[PDB]
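K.L.:
Following this: a sequence and the matching experimental structure.
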Amino acid sequence: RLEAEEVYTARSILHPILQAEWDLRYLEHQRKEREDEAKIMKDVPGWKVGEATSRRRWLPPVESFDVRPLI
Amino acid sequence: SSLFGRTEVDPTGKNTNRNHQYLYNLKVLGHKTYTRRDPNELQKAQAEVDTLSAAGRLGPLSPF
Amino acid sequence: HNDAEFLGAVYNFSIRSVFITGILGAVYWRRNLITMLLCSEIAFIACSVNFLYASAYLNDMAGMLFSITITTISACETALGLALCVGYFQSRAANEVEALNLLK
Amino acid sequence: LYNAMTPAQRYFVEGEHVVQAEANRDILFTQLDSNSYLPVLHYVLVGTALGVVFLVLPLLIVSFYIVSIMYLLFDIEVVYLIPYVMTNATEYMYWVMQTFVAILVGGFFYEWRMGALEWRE
Amino acid sequence: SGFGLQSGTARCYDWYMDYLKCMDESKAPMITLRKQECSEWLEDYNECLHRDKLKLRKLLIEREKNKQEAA
Amino acid sequence: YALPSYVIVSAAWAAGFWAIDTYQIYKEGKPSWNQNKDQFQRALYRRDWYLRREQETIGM
Amino acid sequence: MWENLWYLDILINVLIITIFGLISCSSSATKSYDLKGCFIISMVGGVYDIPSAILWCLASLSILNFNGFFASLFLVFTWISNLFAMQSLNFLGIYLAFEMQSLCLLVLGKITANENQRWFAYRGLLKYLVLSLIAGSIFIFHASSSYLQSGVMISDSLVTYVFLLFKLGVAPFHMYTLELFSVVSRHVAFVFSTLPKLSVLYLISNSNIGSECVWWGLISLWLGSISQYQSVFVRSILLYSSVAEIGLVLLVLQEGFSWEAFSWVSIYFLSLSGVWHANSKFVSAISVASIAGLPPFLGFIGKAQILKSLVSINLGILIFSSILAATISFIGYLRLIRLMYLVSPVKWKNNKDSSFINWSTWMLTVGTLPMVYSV
Amino acid sequence: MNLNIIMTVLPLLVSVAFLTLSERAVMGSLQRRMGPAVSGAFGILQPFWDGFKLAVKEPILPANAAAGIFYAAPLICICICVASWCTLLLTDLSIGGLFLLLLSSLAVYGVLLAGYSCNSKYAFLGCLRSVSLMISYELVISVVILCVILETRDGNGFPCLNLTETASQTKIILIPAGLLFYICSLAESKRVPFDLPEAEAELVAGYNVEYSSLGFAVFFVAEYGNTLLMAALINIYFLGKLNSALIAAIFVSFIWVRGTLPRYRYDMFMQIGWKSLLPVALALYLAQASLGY
Amino acid sequence: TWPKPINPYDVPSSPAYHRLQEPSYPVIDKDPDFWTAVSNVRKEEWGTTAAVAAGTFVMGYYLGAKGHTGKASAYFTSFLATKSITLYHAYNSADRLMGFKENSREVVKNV
Amino acid sequence: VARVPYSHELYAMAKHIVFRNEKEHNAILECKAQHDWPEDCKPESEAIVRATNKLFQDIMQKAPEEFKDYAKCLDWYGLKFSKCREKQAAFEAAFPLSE
Amino acid sequence: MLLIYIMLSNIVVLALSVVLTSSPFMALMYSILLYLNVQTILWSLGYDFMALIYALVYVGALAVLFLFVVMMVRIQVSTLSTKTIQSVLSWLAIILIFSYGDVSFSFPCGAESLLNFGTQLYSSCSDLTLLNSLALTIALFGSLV
Amino acid sequence: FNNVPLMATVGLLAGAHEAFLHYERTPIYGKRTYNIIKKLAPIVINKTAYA
Ligand SMILES: CCCCCCCCCCCCCCCCCC(=O)OC[C@H](COP(=O)([O-])OCC(O)COP(=O)([O-])OC[C@@H](COC(=O)CCCCCCCCCCCCCCCCC)OC(=O)CCCCCCCCCCCCCCCCC)OC(=O)CCCCCCCCCCCCCCCCC
Ligand SMILES: CCCCCCCCCCCCCCCCCC(=O)O[C@@H](COC(=O)CCCCCCCCCCCCCCC)COP(=O)(O)OCC[N+](C)(C)C
Ligand SMILES: CCCCCCCCCCCCCCCCCC(=O)O[C@@H](COC(=O)CCCCCCCCCCCCCCC)COP(=O)(O)OCC[N+](C)(C)C
Ligand SMILES: CCCCCCCCCCCCCCCCCC(=O)O[C@@H](COC(=O)CCCCCCCCCCCCCCC)COP(=O)(O)OCC[N+](C)(C)C
Ligand SMILES: CCCCCCCCCCCCCCCCCCCC(=O)O[C@H](COC(=O)CCCCCCCCCCCCCC)COP(=O)(O)OCCN
């Protein structure tokens, strides 16, 4: 029980930093993607790059690095 | 419960009809609601971070 | 272009085929009572797999609980049905030939 | 070998080096293939091939029904008990488990009382 | 249900709860009316569940990119 | 005599256990490859793998 | 933890009675009246409303005519399934409760058949099982597709409506009742053609499980009436009468008339009790008359509630069909009356076990005047 | 694939052969005899002679039986034994011992299929008796495993059934459950006390007796392999980290108990498993559950 | 996203059934124990319990005598009915303590 | 590209972070709890990333061998703190926490 | 991706084989192989315990029950082979019609945890676990008599 | 053309009913010289066309 509490404490400390670096990486990738999208959609009229799919809440990516099929 | 439930009348009359599902989810799971940060605060904070980085007080974005 | 869309379509085709093969298979190709209950099990398994798939899609536990319920009820139903089949077969009169094959 | 197909799965790492490294990788438990059942299936194929080789080499040169049903129903009861052992139970989880066990012990008592457990039949 | 697979809650539990809260706020005498008033929240929940708008947007981008490449 | 047959079984399994232990510790890189991993540990290992590959790409 | 105690008490009660009955099993008391009384007392702990009190009344009356600890235990299991069906909030509650009830039907049917009756009883139980498996599998497959598409399990859907249509036995999903109930014991057929209905009606009324389509009740009304008229066997006449009536009741219940269906089910139970447990010609005649809907008996009040509800919705086709189908049904009931007193001398077994039968006949005669307020 | 599979399979084959040699070496020692000395001098090579000779014997064409199922039964057993050992030594599967329990429930198929091949009225009852014994003592094994999982937690505190983590600590509390695991292991290997076969199988009631070539060889080899797997499981769960010496000692113990105990009748062993072993294992489970975390 | 860390020993859990209601009356005890609820049961309720117990003893004996086991049935029926009524009374008293139901007498008796 | 030290390193510096970097950790927790969108929390994410990287660098100079030794021990023992008590105590002595 | 596809496509061939075969014993064997393929499909969606459950309850126990019944009731069903070319194509057409153009959703991967599953089964969802236990008791009592 | 689908459906249901009744009686065990579909297809087609 005490080793578990130590491990939990450590993990709770690391989680903010890992989520912050993931979020920052997400932001640079999304920016690069939007730059490419704007480049591709320059010809098409009435297209707005960076339109919000969800009006209010942030939509997280369904696919994640952590979950990988067992087979 | 999650799968089953029964209904009783309120003698006092204070409690009234609301969605049972909503009330259950609020009591057992809870609702997380988030706001959107106003742009001026964010701009100032970001500028402050950048200023400190230029000064060199803050550390590297990447360790190596 | 998207592997997941292709895989989702393949899964949907496969699961639907397995369901129809279970429900209508033994009746179509006339079989004994034992094959009818085995195909009924195949169909229930297909539905439970669909629930597990949905639970993975929505990150929800409801399908996993419905699926454990299917496993329990399906096994109880099969055990009772097989008991009925044995009792039916032990009471067969000499004249009766394919007693188990009602669909004949 | 499952391969990440999106940038988010690849931890937003750019380049084609990563894709090649991932595809030609080895199944390591301390890397990208943890709790993987693919080795088990490689083992099943090896075992089947080994048997097939042995098999082909020389060629060139009422109580039972009752026990089955009781086994199936007790097995499902144990399947229900398996999640409980895999959690650090609280007082209320303990009492729910105790009710479940009481129902199982009642069914066992019915089997004992009615003579099903005796195998004379 | 509403519970998550690993912990917490389902991937789109909050969107559904938002829609339920909107329906609770509404004073319409029938459920049909309230759903009509809260339809936009339902559209957000459906959007988070299946990402249909994002898929359409990606399809259009890919198709235009193919058209540019062929030309 | 029971002892020679018993010795052969013991030694053969000891040799197999050593060979698998060393082989794995050589490839996986640690004696703890077999230890149980939860979701957090699996995600950490996956992140480490992707970060190492990114570092390799950056270096060259 | 206190809310859980209410539910927990029922389980504790059932287990202790089960183990007491097992320990005190002897030839001296084959009819365990004491256990029957304990079971009745136990089922009072699940009464929360008026529909639950009707469920208790019907279960207790059914329990009286079962012989032996085993049958009464399986009736208590049926009661538990019925109580949980009324409280089901999603697909899992519906599926679980109804399939448990199906299991209890399969056991009750199996354990009330003699060795000479096994050939036909086990065939009818097997046919019931296979049809039930088709219904349950189609239900769960569609429920899975709905859960995937919507993300939530909501009991307001076409999938549940079609499933509950199968459970009621209307439109083309009434054949299991005909095949199974013809070959089983009279009590088992009576208790499982009335009690299960109350739970389904409660679920439909409370969970808004109604459709705009009137074809299924119209079909059940016409098919049942014509098949009742053309049926030579008396069991088929009684079985098809329930099909026709439950079709009409289904049509009335979709439009929101819950009170009338809950009063109808109680009157129908009392009316069917005396015809099914036939011992006296007079009791059977009064029962047939009540099922027919003759005005001096309580059956008239039950039919009146449904007909009165029909005129409010103002659907002409339903009213016309109802009148003609009722006439056709009346011809079948007249056939039943003719068979008893106008065809040949009738001799029946002296099964002097009229537990609630005299009370039911009295309640049918006497009850019309007290319940006149409803109609 | 991986080179580890070779390093697992080859030791299993050598070890199983010497297991067969040990069985008779011990039985001879108990009965004031000696280990076979006409095959060679050291006696190391005695099993290879049997296996090589069994290869030479002329094949018999199958009679009045389906060919597929006849071929399938050896493949099924040779697959289960391999998968078991390779999931016992080369995997990190969080619920790995549960997988082993699943792999042990599949050993029933080989016996059943062998019985089906006979297609004899007596053999139908004989196979049903063997499978009844296996399922009856597999239920008890499952309850014992449940007792094993209450006491097995990992460093991070997450309950699981990883063989490495259960092996890491030795818990003396579980020893009451290890006795039941040992009796059940004897039953699952059809040892003498639970050896219903031998009495029934003197006449050709039905069993793997039908095979008399590479088919019969794999069955016997698999029998010893399963017995050794049970010995490994007894070591890994109740006796600490995997020790080759302990696995061999447990096998020797099996042989000793075999020799010193007479066989049981059909009703007697099954009555032991349902009305004796199962209540004891349930009491041990409830006691461990009530002790708490 | 990142998996949230879970503490195995303290995993959030809740009972199956929940009463969706805000306490209308004062909350004498937020989470009453069984003994606290039993101690707050009214005298009239205990009288009902004893009347039920006696009646069920007589009915149990009557029904048991037809099967030659009157005493055993009488005691079992008494125990069963007393237990069920007592649990009902304790549930009602716990609800009164929680403030869901009227607790005027309860608050006065135990301040 | 935002990047932070490897798992073994983060575990070895975990105790130090909450004593030395409290400000950034609290800030990031509060903002993350308040705002779902990742852009809204970009300043605090950048802050905690930079702070962790700075901590890694100052540990690498002040106690180069002690940190490396602890990180290797933790990696060898599969990120289990209990087995590395001696090395942890040495590293903590060499580089005191909470300044 | 190839392995997941192969398993998904195979499940159809293993389901078709059961109905087509005329031997009840062989149909069970194909069903057992179908159950194993379902375990392997579940492994690709990220479930380990659930896939174990399917194999334990169905392969381990239910299949044994089916074999026991089949042996006791053994009938001569090798009468005639009726698998005319016309019949098979009609069956494959019915299957194709039913299993076509349904709503498809992207393949998901979801890590499961027993700690959460056990917690929910014995706390929030205790009502289901006990009703299922009652269902098992009903089956036990009815089957044994 | 908008309202015929109903009549066509009813005719198809009636023809399927009659065709099934004919098919059910025919014996699987005995080999039949004639093709069953050739016998049954006119039933369904004619009923649907007349309706
Ligand atoms: C003494 C006072 C009684 C007066 C009033 C009764 C109310 C107080 C209850 C007091 C108890 C007396 C029982 C009489 C009524 C039973 C109702 C009831 O009890 O619960 C209702 C009551 C609250 O529910 P509610 O009053 O119905 O209102 C809720 C909502 O309004 C929602 O419920 P709703 O459905 O009523 O909603 C209103 C409804 C309007 O509904 C109505 O108008 C109802 C009309 C009343 C008809 C009465 C006949 C019903 C048959 C049931 C017979 C009672 C059996 C007794 C069972 C319980 C025994 C105690 O509107 C609708 O449209 C819904 C449709 C309703 C059905 C349609 C009515 C037709 C029924 C069939 C009639 C057909 C005729 C057939 C034959 C007739 C021949 C003459 O619950 C309680 O107070 C607690 C229950 C506690 C019971 C047992 C617990 C004590 C013992 C604990 C441990 C037990 C173990 C130890 C054993 C001890 C002994 C050994
Ligand atoms: C406002 C009321 C109108 C609404 C109607 C619904 C409400 C019901 C109100 C009155 C209900 C009365 C029910 C009448 C039942 C008739 C009594 C009965 O059935 O006795 C049986 C009882 O049979 C048994 O099986 C006895 C077993 C249990 C005995 C009673 C159980 C008592 C449990 C406690 C009940 C109290 C209720 C608990 C709290 C409400 C005896 O008959 P037999 O001996 O089997 O055969 C008779 C033979 N012959 C007539 C031809 C001579
Ligand atoms: C009037 C107030 C006091 C009445 C005295 C009764 C107090 C005794 C405590 C309660 C015991 C049960 C009450 C008796 C009612 C039913 C008992 C019964 O079934 O009567 C006979 C048989 O059944 C009947 O005859 C039916 C009688 C129906 C009830 C008639 C009695 C009416 C008043 C009794 C109960 C009134 C209230 C009881 C206290 C509240 C029992 O037969 P045996 O088991 O063989 O016992 C006889 C003993 N021995 C032969 C060995 C000498
Ligand atoms: C028809 C219903 C079918 C489905 C029913 C589902 C609903 C029932 C689900 C519950 C099953 C039983 C689980 C226990 C029920 C009530 C909970 C309970 O009483 O346990 C107490 C535990 O409290 C106790 O009083 C401990 C002593 C309990 C002793 C026995 C009471 C429960 C007996 C259960 C019956 C099972 C025993 C064997 C079955 C015959 C409450 O838990 P905690 O408050 O978290 O733990 C105490 C910590 N603290 C108070 C400080 C917050
Ligand atoms: C009493 C203390 C009070 C506290 C309560 C605790 C209760 C005991 C719990 C402790 C757990 C350990 C129990 C050990 C397993 C024995 C199981 C119960 C003993 C028993 O009933 O005897 C026989 C079962 O043993 C057998 O005969 C099985 C067959 C044995 C053959 C193989 C034996 C292998 C060697 C023994 C294991 C040693 C391991 C290492 C060598 C049944 O027979 P019965 O008919 O007489 O009983 C029926 C009489 N109604």
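P.N.:
Okay, I see it. Residues are numbered from 1 along each chain as shown, chains lettered A, B, ... in the order given. Ligands and ions are numbered 1, 2, ... in the order given.

K.L.:
All the helices of the stretch 1-150 of chain H, residue numbers only.
P.N.:
In the stretch 1-150 of chain H, the helices defined using DSSP state H, counting those that start in this stretch lie at H:4-30, H:46-56, H:67-89, H:96-105, H:107-118, H:121-151.

K.L.:
next one: the helix ranked longest in chain K to chain centre, how far?
P.N.:
Longest helix of chain K, by residue count under DSSP state H: helix K:24-44. Between the centre of helix K:24-44 and the centre of its chain there are 6 Å (Cα atoms, centre = their mean, to the nearest Å).

K.L.:
likewise stretch C:29-44?
P.N.:
7 Å.

K.L.:
On the three-state scheme, the residue in chain E that chain F sits nearest to is what?
P.N.:
Nearest residue of chain E to chain F, counting by Cβ to the nearest Cβ: residue E:6, 5.6 Å away. Quick note: C-beta positions are derived from backbone N, CA and C, even for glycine. Put simply, residue E:6 is coil when judged by DSSP: H, G, I helix; E, B strand; the rest coil.

K.L.:
Quick one: residues contacting it.
P.N.:
Going by Cβ atoms under 8 Å, 6 or more residues apart in numbering or on different chains, residue E:6 touches C:59, F:39, I:3-4, I:6, K:111-113, K:116.

K.L.:
got it, and residue D:18?
P.N.:
Residues in contact with residue D:18, defined by Cβ under 8 Å, 6+ apart, are D:10, F:50, F:53-54, F:57.

K.L.:
repeat that for 10 Å
P.N.:
Counting by Cβ atoms under 10 Å, 6 or more residues apart in numbering or on different chains, residue D:18 makes contact with D:4, D:10-11, F:49-50, F:52-54, F:56-57.

K.L.:
mind listing the helices for the chain?
P.N.:
All of this refers to chain A. Under DSSP H, chain A gives helices at A:2-40.

K.L.:
try chain K instead
P.N.:
With DSSP H as the criterion, chain K has helices spanning K:2-20, K:24-44, K:49-54, K:63-73, K:85-98, K:114-122, K:126-144.

K.L.:
Chain D too?
P.N.:
D:17-23, D:38-60, D:63-85, D:91-113.

K.L.:
Name the SS class of the residue in chain E that chain C sits nearest to, please.
P.N.:
Chain C sits closest to residue E:1 of chain E, with a gap of 3.7 Å, by Cβ to the nearest Cβ. Put simply, residue E:1 is coil when judged by three-state DSSP.

K.L.:
Can you tell me the centre-most residue of the chain?
P.N.:
Assuming you mean chain A. Nearest residue to the geometric centre of chain A (Cα atoms, centre = their mean): residue A:26, 4.5 Å.

K.L.:
nope, chain K
P.N.:
Central residue of chain K (Cα atoms, centre = their mean): residue K:35, at 4.8 Å.

K.L.:
Share the number of residues neighbouring residue 3, please.
P.N.:
If you meant another chain, say so; for now it's chain A. When neighbours are counted by other Cβ atoms under 10 Å in any protein chain shown, residue A:3 registers 15.

K.L.:
Correction: the question concerned chain L.
P.N.:
With other Cβ under 10 Å as criterion, residue L:3 counts 6.
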